[PDB]
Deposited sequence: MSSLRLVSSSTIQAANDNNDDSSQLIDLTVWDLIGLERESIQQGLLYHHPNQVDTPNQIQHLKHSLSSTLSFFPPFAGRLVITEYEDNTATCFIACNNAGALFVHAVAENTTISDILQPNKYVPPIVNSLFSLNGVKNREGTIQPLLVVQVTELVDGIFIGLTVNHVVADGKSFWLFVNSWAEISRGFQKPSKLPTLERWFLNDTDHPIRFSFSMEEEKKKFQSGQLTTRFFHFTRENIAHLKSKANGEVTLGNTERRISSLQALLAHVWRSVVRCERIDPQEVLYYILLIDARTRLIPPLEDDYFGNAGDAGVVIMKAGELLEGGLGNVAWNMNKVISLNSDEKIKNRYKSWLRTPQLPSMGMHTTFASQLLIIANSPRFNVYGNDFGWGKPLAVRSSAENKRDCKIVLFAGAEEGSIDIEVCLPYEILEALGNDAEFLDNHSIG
């Protein structure tokens, strides 16, 4: 019979004071969840496991020297007028390293064949459910390494006020390099964060103030490079007037997934639908931020369409609308939205009351993040998984696929819609 237990929990400080001021993008995450993603590895041959665990521990400490925020803590000051400030103290209080053993549990137990994410996956991460503002006391980075019969799982819990998805995977890429023998990471973070004026920080903000919540389930779908290329051509072929074939591969796929989810739920064609993209500000500010700007730097772009138009209007029209919402996130709108936020600095509510699954769909992560380059010395990973802690939001999480140019999507929806999707030949997934 299989089981799961914790062997040890250890504080990891940076191998070798300063403060970081947080900007609007960072503060918005204070009352939300951590990023919880991890990497699954197969051990074809025998491995000296105590030596592997020790090597991950020491290479983690070496990497933290280059990313001191992950070894620090948040500092929150609450004021009588119900406002607050927040910053990161790089005080080297340390990350947390959790060593767990899943007896009689295997790779294939974790990757159930073309099925749903099994419950064991959520236990491969530590500090599940902890909101980011609890980083005043809790580590900003927790690493759980779980031993399996035929491999290991490396699961990270990262405070979303400190880092977005891009920065999460910058750190993982850099940790893998250090573990492989690199002296320094190949990409060094930019740690000073963005404000329109030096006088803005510390920003003084206020805290506080869903269909089938708690009942959602999670399933992965795989999209080959070919099927993606097929959808891009189709979408661009349907919008000829004014096109140099500028609908991207990702836009076409996301448009296709949106249509497929709505098709499978079978809803009134008068329903209004909201599709939440996160648009990176790094490349869009003038002057742009550094590519390796370490923090949050992205804004919701909300695509809105009637269900009837979404389906009856064709793939290219949906993808064209997405392309246009992305294009409106200009340097002007980023800066004006920032300025407008400073004058009503309220952390957001997570939005409307939803009465069906397709109503509000959140798109997270990106296929541009490097998942399969994370060789720590024992080979590339077999798969990427998240904690699947979320059972509240209808959500699509994007991952680079194992094959060149493919994409894995992790879909969190009611079970019956995920079943319809897996039986829909128009949904052009594979495996």
| property | result |
| --- | --- |
| Deposited residues absent from the coordinates (by C-alpha) | 17-22, 216-220, 252, 444-446 |
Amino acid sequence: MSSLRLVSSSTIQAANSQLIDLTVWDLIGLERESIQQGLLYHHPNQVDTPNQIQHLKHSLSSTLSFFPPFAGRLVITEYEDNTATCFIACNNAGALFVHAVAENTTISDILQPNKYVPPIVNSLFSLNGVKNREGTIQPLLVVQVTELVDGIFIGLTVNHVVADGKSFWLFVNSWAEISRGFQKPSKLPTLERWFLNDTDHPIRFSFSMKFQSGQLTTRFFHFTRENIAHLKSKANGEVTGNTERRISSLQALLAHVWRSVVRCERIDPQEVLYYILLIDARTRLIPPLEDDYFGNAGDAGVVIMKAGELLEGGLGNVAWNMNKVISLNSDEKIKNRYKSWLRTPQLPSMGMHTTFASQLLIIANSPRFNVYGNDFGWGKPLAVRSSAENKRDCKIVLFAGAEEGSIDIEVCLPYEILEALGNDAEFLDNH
From here on, numbers count along this sequence of modelled residues.
query: 344-352 set against 157-165, stretch whose average Cα temperature factor tops the other in the entry; finding: 344-352
query: Mean temperature factor over C-alpha atoms, higher-scoring stretch between 121-129 and 181-189; finding: 181-189
query: Among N296, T243, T105, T77 - the residue whose C-alpha B-factor is largest in the record; finding: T243
query: Candidate residues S206, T218, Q138, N197, the one whose C-alpha B factor the record puts highest; finding: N197
query: Relative C-alpha B-factor of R73, binned into the chain's lowest, middle or highest third; finding: lowest
query: Entry-reported Cα temperature factor of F223, expressed as the chain third it lands in; finding: lowest
query: B-factor third for the C-alpha atom of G38 within its chain; finding: lowest
query: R266 - which third its CA temperature factor falls in, relative to the rest of the chain; finding: highest
query: Relative C-alpha B-factor of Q46, binned into the chain's lowest, middle or highest third; finding: highest
